[PDB]
>>> print(open('data-v8.txt').read())   # compact mmCIF, C-alpha atoms
# COMPACT_ATOMS: atom_id res chain seq x y z
CA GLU K 1 -118.21 -11.33 210.39
CA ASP K 2 -115.96 -10.24 207.56
CA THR K 3 -113.25 -12.74 206.58
CA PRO K 4 -110.04 -12.70 204.46
CA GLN K 5 -110.58 -13.04 200.73
CA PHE K 6 -108.29 -13.34 197.74
CA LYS K 7 -108.63 -10.38 195.37
CA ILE K 8 -107.29 -11.16 191.90
CA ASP K 9 -106.99 -8.35 189.34
CA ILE K 10 -106.91 -9.21 185.62
CA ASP K 11 -104.60 -6.85 183.77
CA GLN K 12 -106.59 -5.85 180.70
CA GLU K 13 -103.64 -4.31 178.86
CA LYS K 14 -101.41 -7.38 179.18
CA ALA K 15 -104.27 -9.68 178.16
CA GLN K 16 -104.89 -7.65 174.99
CA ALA K 17 -101.15 -7.53 174.29
CA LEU K 18 -100.93 -11.33 174.58
CA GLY K 19 -104.13 -11.89 172.58
CA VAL K 20 -105.98 -13.55 175.45
CA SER K 21 -109.70 -12.86 175.73
CA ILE K 22 -111.28 -11.79 178.99
CA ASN K 23 -114.07 -14.33 178.54
CA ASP K 24 -111.62 -17.22 178.31
CA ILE K 25 -109.76 -15.93 181.39
CA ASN K 26 -112.93 -15.63 183.44
CA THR K 27 -114.40 -18.94 182.28
CA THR K 28 -111.11 -20.70 182.99
CA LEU K 29 -110.90 -19.16 186.46
CA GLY K 30 -114.56 -19.71 187.31
CA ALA K 31 -114.95 -23.15 185.78
CA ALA K 32 -111.83 -24.48 187.47
CA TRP K 33 -112.10 -22.89 190.90
CA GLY K 34 -115.85 -22.36 191.21
CA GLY K 35 -117.31 -25.10 189.00
CA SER K 36 -119.69 -24.71 186.04
CA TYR K 37 -123.08 -26.25 185.29
CA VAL K 38 -122.73 -27.16 181.61
CA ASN K 39 -125.95 -28.98 180.69
CA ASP K 40 -128.01 -32.07 181.55
CA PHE K 41 -127.67 -35.78 180.79
CA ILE K 42 -129.87 -38.81 181.40
CA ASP K 43 -128.84 -41.24 184.12
CA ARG K 44 -130.93 -44.42 184.07
CA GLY K 45 -133.99 -42.44 182.86
CA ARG K 46 -133.69 -39.40 185.17
CA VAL K 47 -132.41 -36.04 183.92
CA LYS K 48 -129.37 -34.91 185.96
CA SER P 1 -117.91 5.61 189.04
CA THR P 2 -117.41 7.69 185.91
CA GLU P 3 -113.65 7.46 186.50
CA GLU P 4 -113.71 3.67 186.28
CA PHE P 5 -115.83 3.69 183.11
CA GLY P 6 -113.49 6.31 181.65
CA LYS P 7 -110.46 4.03 181.92
CA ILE P 8 -112.10 1.04 180.25
CA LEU P 9 -109.42 -0.02 177.77
CA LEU P 10 -110.82 -0.17 174.23
CA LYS P 11 -107.53 -0.99 172.56
CA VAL P 12 -103.77 -0.72 172.40
CA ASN P 13 -102.43 0.81 169.19
CA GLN P 14 -99.47 -0.68 167.31
CA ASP P 15 -97.15 1.95 168.78
CA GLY P 16 -98.19 0.81 172.28
CA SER P 17 -100.46 3.78 173.10
CA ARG P 18 -103.77 3.10 174.83
CA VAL P 19 -107.26 4.03 173.65
CA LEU P 20 -109.51 4.47 176.67
CA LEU P 21 -113.29 4.86 176.66
CA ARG P 22 -112.94 8.49 177.80
CA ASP P 23 -110.94 9.12 174.62
CA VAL P 24 -114.01 8.35 172.47
CA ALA P 25 -116.86 9.42 174.77
CA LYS P 26 -118.02 11.75 177.54
CA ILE P 27 -118.86 9.89 180.73
CA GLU P 28 -121.48 11.01 183.24
CA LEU P 29 -124.15 10.01 185.70
CA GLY P 30 -127.33 11.00 183.88
CA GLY P 31 -130.88 9.79 183.40
CA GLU P 32 -131.95 6.43 182.01
CA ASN P 33 -134.13 8.70 179.91
CA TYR P 34 -134.50 12.47 179.54
CA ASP P 35 -138.16 12.65 178.51
CA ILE P 36 -139.93 13.50 181.76
CA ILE P 37 -139.14 16.78 183.51
CA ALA P 38 -141.28 18.12 186.35
CA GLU P 39 -141.76 21.46 188.09
CA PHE P 40 -143.60 22.37 191.30
CA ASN P 41 -144.89 25.95 191.29
CA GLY P 42 -142.16 26.84 188.83
CA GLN P 43 -139.28 25.20 190.72
CA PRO P 44 -137.37 22.00 189.86
CA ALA P 45 -139.12 18.91 191.18
CA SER P 46 -139.54 15.21 190.97
CA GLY P 47 -142.40 13.04 192.10
CA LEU P 48 -144.25 9.73 192.24
CA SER R 1 -101.13 -19.29 220.52
CA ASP R 2 -104.20 -18.76 222.76
CA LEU R 3 -103.28 -15.14 223.46
CA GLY R 4 -101.88 -14.55 219.96
CA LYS R 5 -105.32 -15.27 218.51
CA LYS R 6 -106.98 -13.03 221.12
CA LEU R 7 -104.50 -10.33 220.11
CA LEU R 8 -105.26 -10.76 216.39
CA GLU R 9 -108.97 -10.41 217.20
CA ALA R 10 -108.42 -7.37 219.46
CA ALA R 11 -106.12 -5.56 217.01
CA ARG R 12 -108.69 -6.01 214.27
CA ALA R 13 -111.54 -4.94 216.55
CA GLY R 14 -109.65 -1.87 217.79
CA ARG R 15 -110.30 -2.92 221.41
CA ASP R 16 -107.62 -0.64 222.84
CA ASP R 17 -107.83 -1.62 226.51
CA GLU R 18 -107.91 -5.31 225.61
CA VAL R 19 -104.71 -4.91 223.58
CA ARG R 20 -103.04 -3.28 226.61
CA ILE R 21 -103.77 -6.17 228.97
CA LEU R 22 -102.60 -8.62 226.31
CA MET R 23 -99.31 -6.69 226.01
CA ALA R 24 -98.96 -6.87 229.80
CA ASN R 25 -99.44 -10.64 229.62
CA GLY R 26 -97.00 -11.30 226.77
CA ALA R 27 -99.44 -12.07 223.94
CA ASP R 28 -97.36 -12.79 220.83
CA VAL R 29 -97.06 -9.60 218.74
CA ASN R 30 -95.75 -11.71 215.85
CA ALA R 31 -98.77 -14.02 215.79
CA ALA R 32 -99.95 -14.63 212.23
CA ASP R 33 -103.29 -15.82 210.88
CA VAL R 34 -103.66 -18.22 207.97
CA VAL R 35 -103.00 -15.51 205.36
CA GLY R 36 -99.92 -14.25 207.21
CA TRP R 37 -101.39 -11.13 208.81
CA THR R 38 -99.90 -10.00 212.11
CA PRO R 39 -101.78 -7.79 214.61
CA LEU R 40 -99.92 -4.90 213.04
CA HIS R 41 -101.30 -5.86 209.61
CA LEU R 42 -104.82 -6.00 211.08
CA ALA R 43 -104.59 -2.67 212.91
CA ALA R 44 -103.04 -1.02 209.85
CA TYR R 45 -105.80 -2.30 207.52
CA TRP R 46 -108.64 -1.30 209.82
CA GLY R 47 -107.06 2.07 210.69
CA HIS R 48 -106.50 1.64 214.46
CA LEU R 49 -103.69 4.12 215.19
CA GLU R 50 -103.21 3.77 218.96
CA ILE R 51 -102.99 -0.03 218.56
CA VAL R 52 -100.33 0.36 215.86
CA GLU R 53 -98.27 2.45 218.25
CA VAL R 54 -98.65 0.02 221.16
CA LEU R 55 -97.62 -2.93 218.98
CA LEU R 56 -94.52 -1.09 217.75
CA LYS R 57 -93.55 -0.19 221.33
CA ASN R 58 -93.81 -3.92 222.09
CA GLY R 59 -91.47 -5.04 219.34
CA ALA R 60 -93.84 -5.79 216.47
CA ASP R 61 -92.06 -6.51 213.19
CA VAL R 62 -92.76 -3.30 211.25
CA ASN R 63 -91.93 -5.07 207.98
CA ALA R 64 -93.81 -8.31 208.57
CA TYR R 65 -95.15 -9.59 205.24
CA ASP R 66 -98.15 -11.77 204.40
CA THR R 67 -98.34 -14.88 202.22
CA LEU R 68 -98.39 -12.66 199.11
CA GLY R 69 -95.60 -10.33 200.28
CA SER R 70 -97.67 -7.37 201.50
CA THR R 71 -96.69 -5.35 204.58
CA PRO R 72 -98.56 -3.11 207.07
CA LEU R 73 -97.32 -0.05 205.15
CA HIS R 74 -98.90 -1.47 202.00
CA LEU R 75 -102.25 -1.69 203.80
CA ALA R 76 -102.10 1.67 205.56
CA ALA R 77 -101.11 3.40 202.30
CA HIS R 78 -103.80 1.65 200.24
CA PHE R 79 -106.62 2.43 202.68
CA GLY R 80 -105.74 6.09 203.25
CA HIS R 81 -104.52 5.92 206.85
CA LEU R 82 -102.15 8.88 206.90
CA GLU R 83 -101.20 8.91 210.58
CA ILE R 84 -100.50 5.17 210.58
CA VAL R 85 -98.43 5.57 207.41
CA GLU R 86 -96.35 8.17 209.25
CA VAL R 87 -95.97 6.10 212.43
CA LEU R 88 -94.93 3.01 210.46
CA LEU R 89 -92.30 4.99 208.53
CA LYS R 90 -90.98 6.63 211.72
CA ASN R 91 -90.53 3.08 213.00
CA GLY R 92 -88.45 1.95 210.03
CA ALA R 93 -91.07 0.55 207.64
CA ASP R 94 -89.49 -0.27 204.27
CA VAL R 95 -90.93 2.53 202.13
CA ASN R 96 -90.07 0.60 198.94
CA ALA R 97 -91.31 -2.83 200.02
CA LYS R 98 -92.50 -4.79 196.96
CA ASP R 99 -95.23 -7.43 197.29
CA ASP R 100 -95.09 -10.54 195.10
CA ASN R 101 -96.58 -8.54 192.20
CA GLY R 102 -93.91 -5.82 192.44
CA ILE R 103 -96.48 -3.43 193.90
CA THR R 104 -95.26 -0.83 196.39
CA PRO R 105 -96.99 1.45 198.94
CA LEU R 106 -96.53 4.30 196.45
CA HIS R 107 -98.32 2.29 193.75
CA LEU R 108 -101.23 1.62 196.13
CA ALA R 109 -101.54 5.18 197.47
CA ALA R 110 -101.35 6.48 193.91
CA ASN R 111 -104.03 4.08 192.69
CA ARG R 112 -106.51 5.32 195.32
CA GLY R 113 -105.45 8.95 194.86
CA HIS R 114 -104.26 9.47 198.45
CA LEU R 115 -102.32 12.70 197.88
CA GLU R 116 -101.01 13.35 201.40
CA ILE R 117 -99.89 9.72 201.76
CA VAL R 118 -97.99 9.88 198.45
CA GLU R 119 -96.14 12.98 199.62
CA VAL R 120 -95.24 11.34 202.93
CA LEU R 121 -93.99 8.25 201.10
CA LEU R 122 -91.97 10.45 198.74
CA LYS R 123 -90.58 12.43 201.67
CA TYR R 124 -89.23 9.15 203.12
CA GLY R 125 -87.53 8.04 199.90
CA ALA R 126 -90.23 6.21 197.95
CA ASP R 127 -88.73 5.23 194.59
CA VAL R 128 -90.92 7.10 192.12
CA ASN R 129 -89.52 5.01 189.24
CA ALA R 130 -90.22 1.61 190.79
CA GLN R 131 -92.12 -0.67 188.40
CA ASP R 132 -94.61 -3.43 189.21
CA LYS R 133 -94.69 -6.73 187.29
CA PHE R 134 -96.39 -4.99 184.34
CA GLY R 135 -93.71 -2.28 184.14
CA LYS R 136 -96.04 0.37 185.58
CA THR R 137 -95.05 3.26 187.86
CA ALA R 138 -97.17 5.35 190.22
CA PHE R 139 -96.99 7.96 187.43
CA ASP R 140 -98.44 5.51 184.91
CA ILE R 141 -101.23 4.77 187.37
CA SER R 142 -102.00 8.46 187.88
CA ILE R 143 -102.22 8.97 184.10
CA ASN R 144 -104.43 5.94 183.43
CA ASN R 145 -106.71 7.03 186.30
CA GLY R 146 -106.76 10.62 185.07
CA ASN R 147 -105.66 12.01 188.44
CA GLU R 148 -104.18 15.33 187.31
CA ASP R 149 -103.17 16.49 190.80
CA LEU R 150 -101.38 13.22 191.53
CA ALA R 151 -99.69 13.32 188.10
CA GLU R 152 -98.27 16.80 188.81
CA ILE R 153 -96.85 15.67 192.16
CA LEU R 154 -95.03 12.80 190.40
CA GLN R 155 -93.62 15.28 187.81
>>> encode(input="data-v8.txt", output="structure tokens")
Amino acid sequence: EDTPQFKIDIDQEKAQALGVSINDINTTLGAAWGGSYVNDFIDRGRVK
Amino acid sequence: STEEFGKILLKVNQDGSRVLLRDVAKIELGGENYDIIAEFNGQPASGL
Amino acid sequence: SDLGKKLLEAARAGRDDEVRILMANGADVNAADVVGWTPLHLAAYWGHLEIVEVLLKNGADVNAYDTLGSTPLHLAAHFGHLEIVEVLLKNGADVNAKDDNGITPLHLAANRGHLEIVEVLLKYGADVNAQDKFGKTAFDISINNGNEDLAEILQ
């Protein structure tokens, strides 16, 4: 069933006025709250 | 919707006025391409 | 509350007869879920008019607000529920209630282009000059959205 969700609206005008890019806003929001797969590293010989 | 595309904010001018997408373009639902136009016995048609 | 939860579920579902029995049995009309919605919030959002009326008759807080400061009138106005908007206002809903963003029922009705609802709100003393946190009025919204009819109403 449908559940409550948190709708957040970015104000484009204010962002442009402050000189804040939409990509930075969305990366910051998504990376922090959702997580982001950056790239791989090698842990004791296995790529992870 | 066309309305939503129309209010995409392209920029804010120095005097604080807003340049929206609809101020530099016409916005409509139209074909991906306009090359192929069919008729059935003289009347407008589509087909597969 | 056992019955409060049942009431939240029934208000949302629009189960009219189930709401009645729950009212008979004293189910808490001021029950709130985790985001601060009351049965009245739920019924307002989902457009269940009879249930709104029943809840108001049974002493629902008409100006209950959620964890972000939104009220049933906010929801009814936003989602185009004219009759419910009217009922709420008749029952003393704060027509100028601001949520935590400074958004009002007029702002919301304007944004979705709900003409009749805007007029009702205006008729009950909606402040046409009220600004949200970005300094915007219902008029500003109407202009940005290109709603000519709504712009003319808001002079």
>>> interface_residues(input="data-v8.txt", of="chain K", to="chain R", cutoff="12 Å", atoms="all atoms listed in the file", output="PyMOL selection string")
chain K and resi 1-15+17
>>> closest_residue(input="data-v8.txt", among="P:41, P:33, P:46, P:14", to="chain K", atoms="only C-alpha atoms")
P:14
>>> interface_residues(input="data-v8.txt", of="chain P", to="chain R", cutoff="12 Å", atoms="only C-alpha atoms", output="PyMOL selection string")
chain P and resi 1-9+17-23
>>> residues_around(input="data-v8.txt", residues="range 81-96 of chain R", least_positions_apart="6", cutoff="10 Å", atoms="only C-alpha atoms", output="PyMOL selection string")
chain R and resi 40+43-53+56-57+61-64+71-75+102-107+109+114-118+120-128+130
>>> write_last_selection(input="data-v8.txt", atoms="C-alpha atoms", output="PDB file, keeping the file's coordinate frame")
ATOM      1  CA  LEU R  40     -99.920  -4.900 213.040  1.00  0.00           C
ATOM      2  CA  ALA R  43    -104.590  -2.670 212.910  1.00  0.00           C
ATOM      3  CA  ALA R  44    -103.040  -1.020 209.850  1.00  0.00           C
ATOM      4  CA  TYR R  45    -105.800  -2.300 207.520  1.00  0.00           C
ATOM      5  CA  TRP R  46    -108.640  -1.300 209.820  1.00  0.00           C
ATOM      6  CA  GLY R  47    -107.060   2.070 210.690  1.00  0.00           C
ATOM      7  CA  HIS R  48    -106.500   1.640 214.460  1.00  0.00           C
ATOM      8  CA  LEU R  49    -103.690   4.120 215.190  1.00  0.00           C
ATOM      9  CA  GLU R  50    -103.210   3.770 218.960  1.00  0.00           C
ATOM     10  CA  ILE R  51    -102.990  -0.030 218.560  1.00  0.00           C
ATOM     11  CA  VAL R  52    -100.330   0.360 215.860  1.00  0.00           C
ATOM     12  CA  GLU R  53     -98.270   2.450 218.250  1.00  0.00           C
ATOM     13  CA  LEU R  56     -94.520  -1.090 217.750  1.00  0.00           C
ATOM     14  CA  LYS R  57     -93.550  -0.190 221.330  1.00  0.00           C
ATOM     15  CA  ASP R  61     -92.060  -6.510 213.190  1.00  0.00           C
ATOM     16  CA  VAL R  62     -92.760  -3.300 211.250  1.00  0.00           C
ATOM     17  CA  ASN R  63     -91.930  -5.070 207.980  1.00  0.00           C
ATOM     18  CA  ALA R  64     -93.810  -8.310 208.570  1.00  0.00           C
ATOM     19  CA  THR R  71     -96.690  -5.350 204.580  1.00  0.00           C
ATOM     20  CA  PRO R  72     -98.560  -3.110 207.070  1.00  0.00           C
ATOM     21  CA  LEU R  73     -97.320  -0.050 205.150  1.00  0.00           C
ATOM     22  CA  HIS R  74     -98.900  -1.470 202.000  1.00  0.00           C
ATOM     23  CA  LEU R  75    -102.250  -1.690 203.800  1.00  0.00           C
ATOM     24  CA  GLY R 102     -93.910  -5.820 192.440  1.00  0.00           C
ATOM     25  CA  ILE R 103     -96.480  -3.430 193.900  1.00  0.00           C
ATOM     26  CA  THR R 104     -95.260  -0.830 196.390  1.00  0.00           C
ATOM     27  CA  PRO R 105     -96.990   1.450 198.940  1.00  0.00           C
ATOM     28  CA  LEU R 106     -96.530   4.300 196.450  1.00  0.00           C
ATOM     29  CA  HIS R 107     -98.320   2.290 193.750  1.00  0.00           C
ATOM     30  CA  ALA R 109    -101.540   5.180 197.470  1.00  0.00           C
ATOM     31  CA  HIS R 114    -104.260   9.470 198.450  1.00  0.00           C
ATOM     32  CA  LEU R 115    -102.320  12.700 197.880  1.00  0.00           C
ATOM     33  CA  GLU R 116    -101.010  13.350 201.400  1.00  0.00           C
ATOM     34  CA  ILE R 117     -99.890   9.720 201.760  1.00  0.00           C
ATOM     35  CA  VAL R 118     -97.990   9.880 198.450  1.00  0.00           C
ATOM     36  CA  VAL R 120     -95.240  11.340 202.930  1.00  0.00           C
ATOM     37  CA  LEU R 121     -93.990   8.250 201.100  1.00  0.00           C
ATOM     38  CA  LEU R 122     -91.970  10.450 198.740  1.00  0.00           C
ATOM     39  CA  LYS R 123     -90.580  12.430 201.670  1.00  0.00           C
ATOM     40  CA  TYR R 124     -89.230   9.150 203.120  1.00  0.00           C
ATOM     41  CA  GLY R 125     -87.530   8.040 199.900  1.00  0.00           C
ATOM     42  CA  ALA R 126     -90.230   6.210 197.950  1.00  0.00           C
ATOM     43  CA  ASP R 127     -88.730   5.230 194.590  1.00  0.00           C
ATOM     44  CA  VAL R 128     -90.920   7.100 192.120  1.00  0.00           C
ATOM     45  CA  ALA R 130     -90.220   1.610 190.790  1.00  0.00           C
TER      46      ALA R 130
END
>>> atom_distance(input="data-v8.txt", atom1="CA of residue 148 in chain R", atom2="CA of residue 31 in chain P")
27.5 Å
>>> closest_residue(input="data-v8.txt", among="K:47, K:25, K:38, K:18", to="chain P", atoms="all atoms listed in the file")
K:18
>>> atom_distance(input="data-v8.txt", atom1="CA of residue 29 in chain K", atom2="CA of residue 70 in chain R")
23.2 Å
>>> atom_distance(input="data-v8.txt", atom1="CA of residue 54 in chain R", atom2="CA of residue 42 in chain R")
13.3 Å
>>> axis_aligned_box(input="data-v8.txt", around="range 99-114 of chain R", padding_each_side="8 Å", output="lines of an AutoDock Vina configuration file")
center_x = -100.2
center_y = -0.5
center_z = 195.6
size_x = 28.6
size_y = 36.0
size_z = 22.7
>>> residues_around(input="data-v8.txt", residues="residue 23 in chain R", least_positions_apart="2", cutoff="12 Å", atoms="only C-alpha atoms", output="number ranges by chain")
R: 3-4, 6-7, 10-11, 16-21, 25-30, 39, 51, 54-60
>>> write_last_selection(input="data-v8.txt", atoms="C-alpha atoms", output="mmCIF file, in the coordinates of the input")
data_model
loop_
_atom_site.group_PDB
_atom_site.id
_atom_site.type_symbol
_atom_site.label_atom_id
_atom_site.label_comp_id
_atom_site.auth_asym_id
_atom_site.auth_seq_id
_atom_site.Cartn_x
_atom_site.Cartn_y
_atom_site.Cartn_z
ATOM 1 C CA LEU R 3 -103.280 -15.140 223.460
ATOM 2 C CA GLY R 4 -101.880 -14.550 219.960
ATOM 3 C CA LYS R 6 -106.980 -13.030 221.120
ATOM 4 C CA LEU R 7 -104.500 -10.330 220.110
ATOM 5 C CA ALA R 10 -108.420 -7.370 219.460
ATOM 6 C CA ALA R 11 -106.120 -5.560 217.010
ATOM 7 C CA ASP R 16 -107.620 -0.640 222.840
ATOM 8 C CA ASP R 17 -107.830 -1.620 226.510
ATOM 9 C CA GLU R 18 -107.910 -5.310 225.610
ATOM 10 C CA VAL R 19 -104.710 -4.910 223.580
ATOM 11 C CA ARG R 20 -103.040 -3.280 226.610
ATOM 12 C CA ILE R 21 -103.770 -6.170 228.970
ATOM 13 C CA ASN R 25 -99.440 -10.640 229.620
ATOM 14 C CA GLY R 26 -97.000 -11.300 226.770
ATOM 15 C CA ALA R 27 -99.440 -12.070 223.940
ATOM 16 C CA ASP R 28 -97.360 -12.790 220.830
ATOM 17 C CA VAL R 29 -97.060 -9.600 218.740
ATOM 18 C CA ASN R 30 -95.750 -11.710 215.850
ATOM 19 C CA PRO R 39 -101.780 -7.790 214.610
ATOM 20 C CA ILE R 51 -102.990 -0.030 218.560
ATOM 21 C CA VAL R 54 -98.650 0.020 221.160
ATOM 22 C CA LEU R 55 -97.620 -2.930 218.980
ATOM 23 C CA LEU R 56 -94.520 -1.090 217.750
ATOM 24 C CA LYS R 57 -93.550 -0.190 221.330
ATOM 25 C CA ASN R 58 -93.810 -3.920 222.090
ATOM 26 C CA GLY R 59 -91.470 -5.040 219.340
ATOM 27 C CA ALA R 60 -93.840 -5.790 216.470
#
